[PDB]
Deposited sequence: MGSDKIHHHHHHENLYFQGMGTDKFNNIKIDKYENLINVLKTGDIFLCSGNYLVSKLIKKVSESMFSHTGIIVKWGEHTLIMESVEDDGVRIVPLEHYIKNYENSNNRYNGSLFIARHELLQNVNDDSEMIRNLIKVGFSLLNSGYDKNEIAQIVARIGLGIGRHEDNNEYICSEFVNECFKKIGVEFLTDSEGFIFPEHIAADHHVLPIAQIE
């Protein structure tokens, strides 16, 4: 899909260097090799299987996200690099950062960034139960979107709720976020 090309020749930065460039609200994107990742890639015809939102606590970099075999969580980006989901190894796939055009000239303690984070925090849960994981992965394969205030989210549905509730509009897969004319690539992580 047209998000493919947009990231194909983006600069490759080492993780240590990128820390200083990342801003709260930046959009994390991944192309994973996990079975669930592959289902997302097939149904959406994309190289992108995951998305989430970056949140800086001081100098510390966290990723706020819905991970479909896990939950709506907030965790250190370092996990994707060094210990993905208790494997003690790097995420199996490639990793990218982008930034939304509207938030590029907005400081980390702006009103907008505050409300974006607020909404994400409000959706943090304590893991999905077995039933819900099954339901979420099934909706991906069926291409079906979710009920009004049902709280089970595909990664991109979660990124979408947060931006929705600050006005930025984008079913919805990671591809739709990557392909969006207002989403600007920053880097692939080496």
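Notebook entry, point to check: Where does the model skip over parts of the deposited sequence?
Noted result: Comparing the full sequence with the modelled residues, the uncovered ranges come out as 1-18, 189-194.
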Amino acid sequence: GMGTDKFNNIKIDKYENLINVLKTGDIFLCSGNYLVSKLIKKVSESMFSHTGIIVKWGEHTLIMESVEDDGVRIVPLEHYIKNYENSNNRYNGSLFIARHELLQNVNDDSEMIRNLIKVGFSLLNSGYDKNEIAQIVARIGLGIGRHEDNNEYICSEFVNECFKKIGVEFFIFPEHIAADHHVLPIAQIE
From here on, numbers count along this sequence of modelled residues.
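Next item on the list: Taking the mean of the C-alpha B-factors per stretch from the entry, tell me the winner out of 128-136 and 57-65.
Entry: According to the PDB entry, the answer is 57-65.
Notebook entry, point to check: On average, are the C-alpha B-factors higher in 25-33 or in 149-157?
Noted result: Averaging CA B-factors over each stretch, the winner is 149-157.
Check: Out of 112, 74, 119, 98, which shows the largest CA B-factor listed in the entry?
Finding: Of the candidates given, the C-alpha B-factor peaks at 112.
Next item on the list: For residue 40, return the chain-relative third of its C-alpha B-factor as stated in the PDB record: lowest, middle or highest.
Entry: CA B-factor rank for residue 40: lowest third.
Check: With respect to C-alpha B-factor, does residue 47 fall in the lowest, middle or highest third of the chain as deposited?
Finding: Lowest third.
Next item on the list: Please rank the C-alpha B-factors of the chain's modelled residues and tell me whether residue 142 sits in the lowest, middle or highest third.
Entry: Middle third of the chain for residue 142's C-alpha B-factor.
Check: Within this chain, which third does the Cα B-factor at residue 176 fall in: lowest, middle or highest?
Finding: Ranked within chain, residue 176 CA B lands in the lowest tercile.
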